[PDB]
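Here is the structure we will look at.
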Amino acid sequence: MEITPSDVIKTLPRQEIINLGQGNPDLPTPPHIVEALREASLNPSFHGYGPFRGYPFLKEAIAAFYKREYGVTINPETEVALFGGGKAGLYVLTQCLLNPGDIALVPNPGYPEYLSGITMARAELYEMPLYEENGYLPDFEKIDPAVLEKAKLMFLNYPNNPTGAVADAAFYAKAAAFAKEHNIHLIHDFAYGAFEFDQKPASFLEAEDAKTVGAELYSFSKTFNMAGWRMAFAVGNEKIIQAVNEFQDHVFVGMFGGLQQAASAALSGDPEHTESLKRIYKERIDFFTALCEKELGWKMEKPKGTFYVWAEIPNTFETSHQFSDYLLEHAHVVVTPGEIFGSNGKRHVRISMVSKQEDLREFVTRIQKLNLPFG
Amino acid sequence: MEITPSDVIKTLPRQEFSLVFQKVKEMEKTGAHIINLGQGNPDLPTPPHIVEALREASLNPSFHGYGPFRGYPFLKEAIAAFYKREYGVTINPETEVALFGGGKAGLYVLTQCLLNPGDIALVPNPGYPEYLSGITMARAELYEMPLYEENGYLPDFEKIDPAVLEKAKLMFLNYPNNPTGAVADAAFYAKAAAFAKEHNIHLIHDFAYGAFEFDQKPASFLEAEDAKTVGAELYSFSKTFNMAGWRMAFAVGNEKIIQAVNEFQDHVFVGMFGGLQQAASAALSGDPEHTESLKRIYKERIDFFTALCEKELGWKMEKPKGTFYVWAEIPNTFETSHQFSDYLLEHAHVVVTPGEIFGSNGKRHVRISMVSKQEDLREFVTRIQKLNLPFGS
């Protein structure tokens, strides 16, 4: 009788043909990042253990990146921690900031792994609904004042998975001011922060009192098509980072020097690379949503951010799950049912613009042979 | 008011971390030159064929995107093949293999996937400090299994209070042993497996130094009857292949423990860079020559060092049966392991690891790693001699 712990058994199975499901970038990592890894790997200094907290040269790159892109001042020796990807960062941050029985404030809809780190910390979730009428921003006023004392952590995510909503500096000032009043650690998930199409994407850390209450998680995965490389960092409050450092001292010994060099080449590289990629996603979104309306009758929002389209399922379907499953079965295409993002996602699917045109057209046309009432 | 979790404020300070810091400060200001025989950090480089495997693999755009969450099949198959070749052990790679970003991460994950709050874990004393770290993060109770020299540092299972065995859900063992250099044989593993099954204890065998038994063929815990029934084995690339910095490891064992591991890591990981997995695959299927030759270097250093230490200091120390570690008694003039090691740092400028880091049975011992070439080991002795301490007893 092998016995898993309560943590394991209460965790859900992870839910992640034309695949417009997983948000897996299809374009390669830029060549200069690959060359940096290839070159660094020859350096025997990286074959052995290095600094537990990661190399200074990477932490210096991170601060310089945050100054260049967002005008934010980051002390690299104290306000930066490294993670093996944003998924691991979310987990570490949650374990460092939540005790069993504390309340975590989580958007609905929202990235499903927020709920999961909260579960391994044995904490209680309280939902902040995201409604289109509010621009998919939370109404902090509608949170039960009784939970606020017990609420220790809040998750926010803009540009937003799965809705593509964006937030401006005034929303972040309000969020931080709210978090301050109620002693809530605020984690901003900036995994799509390269991808706001109209305005320059604003960091949470531009807002007054942001660094006081919280931190920003930045992934390499989407910005630089480095999803496979498993690299991320957090920037923010010095106390948060010290806690992270203390946890990770027992769990890791930094990460391969070659990867860190590659990450340093990514951050200091020309921004024109990322803008080009942003242009590619933008053109695919125009292609896709125009062809959907014209050839199917499916009227879709164009997202303000990210490479995701959030579309309403036909009136004749029970749940996003069945609709999703109808498409995989009969049309042989993958979309992500909105339900995995929370109850507020029912009746929507998330569709990822991580395929080239040829696959996006064949998506639409395969679905035409189904003649659904998108009207 | 930033408020760390109770898990963090309840952790020990990582000692290798506090030392890295101490040393770095010393090297900077003023200009101390230090011989560091503390952390077991391999001084020799990763073999070139492993390095080139990574270099070629990184050009493969299939690895630039998300891969399979639980690892690439080609690696798990290479792991099964390796265990069959080195040890007699048949391993099902689709169900009995899990990948980790290093053995230290493995330990944390296995602890979290196997212990509930209040559960009891059986931990060797002396033992690797991270065993105790993960337990505490799991909010579990620690019970010690003394490792005594007279027993060859193998635990006496019969001596565990039978009242503990019900709440005991986990046991760590570790041979070739850190810090003692002790080794285990097939009979010992059979006895451990027998004992684990008879009391329903998940058994984790840490095989981080499994390449480094000098006088015999190293024996896998999985070679034992009942082994895959009650537990799993942790293997690291760190020491075998001078890949400490690459952060790669795996567990092989009971398919139920592995599924538990997989259910955790699906939510925290999605594997690691495919370039590193191919590099590991090439390490595993590579010629044992590299490893055999690496082993011989470590042994000649141990022979040199312990000889020299007797000759020049009157410091007599038992040669280890495995690992690159020497486990040595501290002078009687010294009160503790820490104040002895602090003294050698400050006065000689040499690092050794205080034994008390490994548990109460390591007070009065230090661990010294043979991770510098002979003439650096000679300078190490030379520096200590200049202190004239009474290494006689």
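We name chains A, B, ... by the order of the sequence lines, and we start the count at 1 in each one.
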Suppose we call two aromatic rings close when their centres sit under 6.0 Å apart. Are [X] and [Y] close by that rule?
{"X": "A:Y192", "Y": "A:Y281", "answer": "no"}
{"X": "A:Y111", "Y": "A:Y114", "answer": "yes"}
{"X": "B:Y189", "Y": "B:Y175", "answer": "no"}

If we ignore hydrogens and angles and just use 3.5 Å, is the side chain of [X] paired with the main-chain N or O of [Y] as donor and acceptor?
{"X": "A:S219", "Y": "A:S221", "result": "yes"}
{"X": "A:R284", "Y": "A:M353", "result": "yes"}
{"X": "A:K278", "Y": "A:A194", "result": "yes"}
{"X": "A:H47", "Y": "B:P45", "result": "no"}
{"X": "B:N177", "Y": "B:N174", "result": "yes"}
{"X": "A:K87", "Y": "B:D266", "result": "yes"}

Min side-chain heavy-atom separation [X]-[Y] under 4.5 Å:
{"X": "B:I50", "Y": "B:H290", "value": "no"}
{"X": "A:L93", "Y": "A:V244", "value": "yes"}
{"X": "A:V333", "Y": "A:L20", "value": "no"}
{"X": "A:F155", "Y": "A:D189", "value": "no"}
{"X": "B:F100", "Y": "B:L234", "value": "yes"}
{"X": "B:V97", "Y": "B:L75", "value": "no"}
{"X": "B:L222", "Y": "B:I91", "value": "yes"}
{"X": "B:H202", "Y": "B:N254", "value": "no"}

Just how far is it from atom [atom1] of [X] to atom [atom2] of [Y], taken to the nearest 0.5 Å?
{"X": "A:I280", "Y": "A:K356", "atom1": "CD1", "atom2": "NZ", "answer": "8.0 Å"}
{"X": "A:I3", "Y": "B:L170", "atom1": "CD1", "atom2": "CG", "answer": "13.0 Å"}
{"X": "B:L114", "Y": "B:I135", "atom1": "CG", "atom2": "CD1", "answer": "11.5 Å"}
{"X": "A:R230", "Y": "B:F269", "atom1": "CZ", "atom2": "CZ", "answer": "9.5 Å"}
{"X": "B:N242", "Y": "B:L294", "atom1": "CG", "atom2": "CG", "answer": "5.0 Å"}
{"X": "B:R70", "Y": "B:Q265", "atom1": "CZ", "atom2": "CD", "answer": "10.0 Å"}

Can you see which heavy atom on [X] is nearest to which on [Y], and at what distance?
{"X": "A:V354", "Y": "A:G23", "result": "CG1-C, 4.4 Å"}
{"X": "A:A266", "Y": "A:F224", "result": "O-CE2, 3.3 Å"}
{"X": "A:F341", "Y": "A:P112", "result": "CD2-CD, 3.9 Å"}
{"X": "A:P159", "Y": "A:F190", "result": "CD-CE1, 4.0 Å"}
{"X": "A:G50", "Y": "A:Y55", "result": "CA-OH, 3.7 Å"}
{"X": "B:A260", "Y": "A:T4", "result": "CB-CG2, 3.3 Å"}

Steps toward side-chain contact (heavy atoms from CB on, under 4.5 Å) verdict (B:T11, B:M137): CA-CA 8 Å; B:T11 39; B:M137 288 179 245; 4.2 Å; yes
Under 3.5 Å side-chain donor-acceptor pair for B:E233 and B:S220: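 Yes.
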Distance-only polar pair, side chains of A:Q261 and A:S264, donor-acceptor under 3.5 Å: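 Absent: no donor and acceptor within the cut-off.
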Salt-bridge present (B:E52, B:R55; N to O < 4.0 Å):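 Salt bridge between B:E52 and B:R55, a charged N being under 4.0 Å from a carboxylate O: yes.
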Residues forming a side-chain contact (heavy atoms from CB on, under 4.5 Å) with A:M231, sequence neighbours excluded: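 Residues passing side-chain contact (heavy atoms from CB on, under 4.5 Å) with A:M231: A:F220, A:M226, A:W229, A:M255, A:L259, A:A263.
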Partner residues of B:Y108 under the ring-ring contact (aromatic ring centres under 6.0 Å, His included) criterion, sequence neighbours left out: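 With sequence neighbours excluded, B:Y108 shows a ring-ring contact (aromatic ring centres under 6.0 Å, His included) to A:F247, given in chain and number order.
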Test side-chain contact (heavy atoms from CB on, under 4.5 Å) applied to A:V235 and A:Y218, step by step: CA-CA 8 Å; A:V235 284; A:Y218 189 92; 5.8 Å; no
Verdict with supporting geometry, A:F256 and B:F273, ring-ring contact (aromatic ring centres under 6.0 Å, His included): CA-CA 11 Å; A:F256 190 53; B:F273 184 54; 9.9 Å; no
Verdict with supporting geometry, A:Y49 and B:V20, side-chain contact (heavy atoms from CB on, under 4.5 Å): CA-CA 11 Å; A:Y49 294 119; B:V20 179; over 6 Å; no
Intermediate values then yes/no, side-chain contact (heavy atoms from CB on, under 4.5 Å), A:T94 and A:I187: CA-CA 9 Å; A:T94 303; A:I187 299 309; over 6 Å; no
